[PDB]
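Asks: The structure's right below; bear with me while I get my questions together.
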Amino acid sequence: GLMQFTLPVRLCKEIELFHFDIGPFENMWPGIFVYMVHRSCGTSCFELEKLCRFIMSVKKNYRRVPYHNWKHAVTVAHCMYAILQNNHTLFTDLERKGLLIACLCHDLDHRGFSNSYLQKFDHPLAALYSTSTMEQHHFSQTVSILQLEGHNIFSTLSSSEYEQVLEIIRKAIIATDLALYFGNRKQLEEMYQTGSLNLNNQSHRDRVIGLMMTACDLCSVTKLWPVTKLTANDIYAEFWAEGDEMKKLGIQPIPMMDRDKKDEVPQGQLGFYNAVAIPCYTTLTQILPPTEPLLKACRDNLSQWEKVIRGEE
Ligand SMILES: Cc1ncc(C)n2nc(CNc3nc(-c4ccccc4)nn3C)nc12
Ligand SMILES: [Mg+2]
Ligand SMILES: [Zn+2]
């Protein structure tokens, strides 16, 4: 119980900032996550041995895909850690616990294909779950790992604390379905502006945690430009593989997924920052003012994509 994880000095200082990159050394990512659990939650939250066994099973159930991989899982958990550490007193003991686990688990067993591709291929998961197909699968795999021998990291909670934390994780993982983000952010925008937003209304917290999840999920756009730019190559490598698979089903993919329309990526990134990213971090900043560095970095990256279009980069 006296075994604190510590990080080298550059990582000790830089892990606290929103724009931190967890680096290319896979074997350090588990320790980075435990460090984050220990500071956002406590050395007491999880039995170390159960946590390590859960982490390694979560890792093993992420696939070797260009973007939706173990590195993405730990990156999304780190953004959540930053939001939680900059908003100390706004979140319950169970939310702290649940939300870093939700982020680590949110894309479990992803195959690098959209819900839309599963539906057109007619994948078994598309009959088991007609909306948020992959996200219901991700939650399902989380409950699976939680029920392996020696993996119940929540075993010290009561039946009802346990049920609340699995309910927090389910909603949080479901909210990572970008189709659901637009409606959720519109409602939050309206509630905040008409002054009805109430962080004691459970159905309001839910929406606020959904938006945090979208924020953490999209956080590649809040990094240093060279991280953002190199991550975008991973993002399009998945989309263009799905594009090819659409063409194999005899379907012209949307241009986002057509490797023949590589040229239009800079303009596609503008659409994406304007329609999804900027609105996301704006509304988050309105609700949680200390998350402003995320909006500031996103804006800086929009401006870098604008330079790419002007041939300045
Ligand atoms: C950075 C980032 N993080 C997360 C997600 C989910 N995405 N999704 C995109 C894709 N955005 C996008 N690309 C194109 C496009 C691309 C090439 C040609 C034509 C159009 N249009 N749009 C809207 N970028 C991101
Ligand atoms: Mg996902
Ligand atoms: Zn994700």
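Note that the numbers count up from 1, one per residue, in the order the chain is shown.
Determination method: X-ray crystallography, 2.2 Å.
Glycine too: its Cβ is placed from the backbone N, Cα and C atoms.
Summarising the annotation, Swiss-Prot assigns 3',5'-cyclic GMP binding site to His68, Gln269 and lists experimental evidence as the type of evidence. What Swiss-Prot lists as active site, proton donor is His68, and the listing cites similarity to another entry. Swiss-Prot lists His72, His106, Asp107, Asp217 with the feature divalent metal cation 1 binding site, giving experimental evidence as the kind of evidence. Residues or ranges marked as divalent metal cation 2 binding site by Swiss-Prot on the basis of experimental evidence: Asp107.
Give me the lay of the land around each of these features.
Replies: DSSP assigns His68 (3',5'-cyclic GMP binding site) to coil in the three-state reduction, outside any helix or strand. Close to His68 (3',5'-cyclic GMP binding site) in the fold, though at least 6 residues off in sequence, lie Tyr62, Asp107, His110, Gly112, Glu238, each with a CB less than 8 Å from its CB.
Residues within less than 8 Å, Cβ to Cβ, of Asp217 (divalent metal cation 1 binding site) and separated from it by at least 6 positions along the same chain comprise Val76, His106, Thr176, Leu178.
Residue environment of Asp107 (divalent metal cation 1 binding site) contains 25 other Cβ atoms, counted within 10 Å of its Cβ in all protein chains. The DSSP secondary structure for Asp107 (divalent metal cation 1 binding site) is coil.
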Asks: Calculate the distance in Å between the alpha carbons (Cα) of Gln269 (3',5'-cyclic GMP binding site) and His72 (divalent metal cation 1 binding site), and round it to a whole number.
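Replies: Distance between the two Cα atoms comes out at 19 Å.
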Asks: Quick check: which same-chain residues outside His72, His106, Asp107, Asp217 lie with their CB within 8 A of the centre of the divalent metal cation 1 site CB atoms?
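Replies: These residues sit around the divalent metal cation 1 site: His68, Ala73, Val76, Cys103, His110, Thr176, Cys216.
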Asks: If you count Cβ atoms within 10 Å of each one, which of the binding-site residues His72, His106 comes out on top?
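Replies: That would be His106, with the highest Cβ count within 10 Å.
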Asks: Hey, what's the Cβ neighbour count for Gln269 (3',5'-cyclic GMP binding site) at 10 Å?
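Replies: Its Cβ shell of radius 10 Å holds 24 other Cβ atoms.
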